[PDB]
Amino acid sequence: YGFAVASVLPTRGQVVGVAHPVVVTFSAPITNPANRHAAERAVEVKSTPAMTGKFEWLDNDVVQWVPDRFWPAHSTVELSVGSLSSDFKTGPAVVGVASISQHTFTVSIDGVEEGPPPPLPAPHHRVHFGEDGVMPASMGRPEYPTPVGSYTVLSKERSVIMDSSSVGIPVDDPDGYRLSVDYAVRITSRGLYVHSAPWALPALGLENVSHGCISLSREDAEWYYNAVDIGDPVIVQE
């Protein structure tokens, strides 16, 4: 019973975003990497509709299966993991695409680009594109760039403290920082977020000045935060 499965995410009947992985937690650590292939076969993921994917070990006792494609939105996905039968539900496909070169974050809901209504007085004025769902954004500066890739929303939190130690700079170090971030959508375990950055307004849509994170206005961040679910995909591209 070395490959005994304690639990699986999504839980039965959970509502998740359209790229949510299948996360398998084992009752005991599998410390021998050579045994992980046999463990992967024991927890073979069989979904309806059929889906290909790849296993990634998060800990000695946690392997996640990352689907190669998005689940269908607004659906019930049947899931078998090593004879354990389950199911879960998907909400809308809320997809965010960050473009480093455009300085934009484009949100679509079930394929239709959409964003919040515009404010009559945002400040003196500010960049806004007039194309649905295209939000002006600021990615990482060249010293701390936003890495290109395909991500999923790992968590959503309010008023979270973000500290400069996440990118290798002490709080009291000269170029360090300690911020309270109003809306925070975490997309990597190491601490990459889509978030509200009101101090960074003049750069949005124009310049990449963050330390890796995808910076939005408070209003754009609030709307995206309220729309997105854990498991929804975020794509970062050049």
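From 1 onward, residues are counted along the sequence shown.
Looking at 153-161 and 98-106 together, the entry lists the larger mean B-factor for 98-106, computed on C-alpha atoms.
Set 11-19 against 211-219 and average the Cα temperature factors; 211-219 ends up higher. Remark: of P118, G133, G111, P136, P118 shows the highest value [criterion: C-alpha B-factor in the PDB entry]. Going by the entry's values, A200 shows the largest Cα B-factor out of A39, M51, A184, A200. Among the modelled residues of its chain, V77 has a C-alpha B-factor that falls in the lowest third according to the deposited record. Ranked by Cα temperature factor within the chain, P174 sits in the highest third according to the deposited record.
Annotation for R190: CA B-factor lies in the highest third of the chain's modelled residues.
When the modelled residues of the chain are ordered by C-alpha B-factor, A28 sits in the lowest third.
In the PDB entry, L204 places in the highest third of its chain by CA B-factor.
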